[PDB]
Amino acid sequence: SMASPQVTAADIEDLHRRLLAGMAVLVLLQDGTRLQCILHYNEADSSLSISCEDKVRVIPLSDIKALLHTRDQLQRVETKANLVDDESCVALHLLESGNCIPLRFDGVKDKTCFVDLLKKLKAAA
């Protein structure tokens, strides 16, 4: 087909449900390593957690300054990993440290929904 799908509210809500239940992602390390992780949203204190190899990192929503999702945005990240070629990555640009955590989702649709959902949680905060 000439045409591409676009994400709906249902798509975004489905990702929301999975984020609350915890979902599988990878983190892409600066040296090129890939960590298998669980990504979770905690709506009580409005924070994301990323849990990999028995270690949990908590990022308050208010520490997430920006989301890097476009090819050009992600090309600015200093790393040996390939963040852009699968167009499945969002990096959390953090306010305090100014550094970035790149998350790779299962594919383009989840990657796309995540960006919208995060905006929604941030804008409603």
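Counting begins at 1, following the sequence as shown.
Visitor: According to the deposited model, is the average Cα temperature factor higher in 61-69 or in 40-48?
Guide: Averaging CA B-factors over each stretch, the winner is 40-48.
Visitor: Ranked by Cα temperature factor within the chain, is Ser88 in the lowest third, the middle third or the highest third?
Guide: Its C-alpha B-factor, which the entry lists for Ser88, ranks in the lowest third among residues of this chain.
Visitor: Compare the C-alpha B factor of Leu35 with those of the other modelled residues in its chain, then answer lowest, middle or highest third.
Guide: Tercile = highest for this residue's CA B-factor.
Visitor: Would you mind checking where the Cα B-factor of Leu94 ranks among the modelled residues of its chain, as the lowest, middle or highest third?
Guide: Answer is middle: the recorded C-alpha B-factor places it there.
Visitor: Should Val56 be placed in the lowest, middle or highest third of its chain by the C-alpha B factor in the entry?
Guide: Answer is highest: the recorded C-alpha B-factor places it there.
Visitor: Sorting the chain's CA B-factors, does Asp110 end up in the lowest, middle or highest third?
Guide: Lowest third - that is where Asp110 ends up once the chain's C-alpha B-factors are sorted.
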